[PDB]
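Numbering starts at 1 and runs along the sequence shown. Each ligand, and each atom within it, is numbered from 1 in the order the structure gives. Reckoned from all heavy atoms, side chains included, excluding hydrogens, waters and symmetry mates.
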Amino acid sequence: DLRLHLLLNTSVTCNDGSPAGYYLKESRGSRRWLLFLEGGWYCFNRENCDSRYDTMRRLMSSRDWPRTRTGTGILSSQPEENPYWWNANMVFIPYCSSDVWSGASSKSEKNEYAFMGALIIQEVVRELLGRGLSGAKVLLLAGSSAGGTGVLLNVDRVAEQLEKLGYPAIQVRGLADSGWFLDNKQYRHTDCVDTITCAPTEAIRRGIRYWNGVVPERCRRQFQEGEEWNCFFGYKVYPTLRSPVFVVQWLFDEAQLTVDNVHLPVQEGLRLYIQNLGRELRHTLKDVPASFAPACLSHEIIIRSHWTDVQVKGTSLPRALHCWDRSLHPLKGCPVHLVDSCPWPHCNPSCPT
Ligand SMILES: *[C@@H]1O[C@H](CO)[C@@H](O)[C@H](O)[C@H]1NC(C)=O
Ligand SMILES: CC(=O)Nc1cccc2nonc12
């Protein structure tokens with residue numbers, strides 16, 4: 001299990017002012033640290049953040065958090081379930097800021113909620129240094145869904161922060177799972193009048209000004225003021241990053257199809273859209289040298305119990321991540337770029353059922 005630790009700096013809080021925290025399994029005999037970022041959508045105005053506080057309060061408050069948690073998938077400590085990093089120090093950071101890990105605004109008398117996702121990550125890193133992280137050699141920042149996007153938004157921040165604090169020997173890397181979205185044309189169109197009819201391109205623009213959200217500096221200087229929402233999209237923010245990032249993304253992500261207003265007898269018009277979405281996602285990963293993109297209709301992977309089962313062209317995800325490890329020291333029989341080529345959901349037989 002991983003034990004809960006509330007942040008000693010109580011000014012860094014969840015949405016409702018309660019302090020944030022992290023769960024930790026520690027491993028003396030290892031200098032490897034896995035920091036996982038939870039996902040769970042977002043909220044971008046007063047009224048849908050109020051609805052989130054009624055039925056998704058654990059994603060906005062820590063007052064009801066459990067006392068331990070069990071690592072699963074890549075966070076497991078059993079080699080049978082986690083052939084990749086079973087012996088590493090494990091950290092699980094609950095997602096309680098609803099800002100795609102981008103906010104930097106406290107609760108005050110102008111703000112009903114606090115959005116401090118970007119600062120939650122700083123404070124966890126700073127407080128973990130005094131518990132072993134100072135002697136680490138690799139800090140892998142991972143996350144799923146909204147946590148996957150938060151990896152891309154924060155991976156260079158964690159590197160830069162450890163450089164100014166006097167720890168230049170720590171190698172910061174990122175693993176973004178199911179956070180590689182496309183701002184594409186929709187299957188049916190609705191203009192942003194409320195929460196259900198507001199596309200992510202436009203909800204995130206409102207979110208940034210509501211959250212006071214931050215983006216990677218070098219991406220900000222490209223799109224400049226008013227256009228920071230572009231940096232929330234994988235193929236646009238990835239080229240500006242310096243830290244090595246491994247990208248995992250289903251070719252037909254269910255969250256991508258949801259925001260595209262697709263709900264699965266498919267006829268022609270829809271057949272082309274689904275096929276065009278798969279080819280478009282492969283085009284964006286063409287220059288991503290460390291990637292893993294099966295042709296399945298699913299969502300999330302790296303922390304599910306059976307994350308070892310999916311294979312792309314004979315290679316499982318934990319093997320590709322191990323091949324990634326060696327490349328950071330083309331390897332014979334140990335590939336890192338694994339993107340399916342068949343063009344319909346479940347054309348790969350190892351897809352999750
Ligand atoms: C707590 O965190 C805030 C925001 O990062 C910072 O301004 C403040 O100095 C911190 N306090 C301590 C005691 O570290
Ligand atoms: C759950 C989550 O974080 N979703 C998203 C983040 C960034 C861009 C997106 N485009 O569609 N969905 C997006």
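Both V215 and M116 are members of a single hydrophobic cluster when ILVMFWY side chains are connected at heavy-atom separations under 4.5 Å.
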Next on the checklist: Pair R131, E127 - check salt bridge (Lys or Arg N to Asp or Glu O under 4.0 Å), show working.
Outcome noted: CA-CA 7 Å; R131 312 184 56 111; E127 277 171 43; over 6 Å; no

Item to check | side chain to side chain donor-acceptor pair (under 3.5 Å) between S61 and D16, intermediate numbers included | outcome: CA-CA 6 Å; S61 181; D16 70 335; 2.8 Å; yes

Next on the checklist: Using side chain to side chain contact (heavy atoms under 4.5 Å, CB included), reason through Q171 and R173 one step at a time and then give a plain yes or no.
Outcome noted: CA-CA 7 Å; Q171 304 188 38; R173 305 169 189 171; 3.2 Å; yes

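Contact check on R206 versus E202 returns a salt bridge, with a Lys/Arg side-chain nitrogen under 4.0 Å from an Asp/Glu carboxylate oxygen. A salt bridge is defined here as a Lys NZ or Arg NE, NH1 or NH2 lying under 4.0 Å from an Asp or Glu carboxylate O, and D183 with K236 meets this definition. Of the charged side-chain nitrogens involved, at least one lies within less than 4.0 Å of a carboxylate oxygen, so that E217 and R221 count as a salt-bridged pair.
Side-chain rings of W180 and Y238 approach one another, their centers coming within less than 6.0 Å. The distance between the ring centers of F115 and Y210 falls below 6.0 angstrom.
The immediate protein surroundings of ligand 2, defined as residues with any heavy atom under 4.0 Å of it, consist of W41, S145, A146, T149, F181, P200, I204, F232, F233.
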Does ligand 1 have any N/O pairs with the protein under 3.5 Å, and how far apart?
unit_1, atom_1, unit_2, atom_2, d
ligand 1, 2 (O), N9, ND2, 2.3
ligand 1, 11 (N), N9, ND2, 2.9
ligand 1, 14 (O), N9, ND2, 3.3
ligand 1, 14 (O), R126, NH2, 3.2

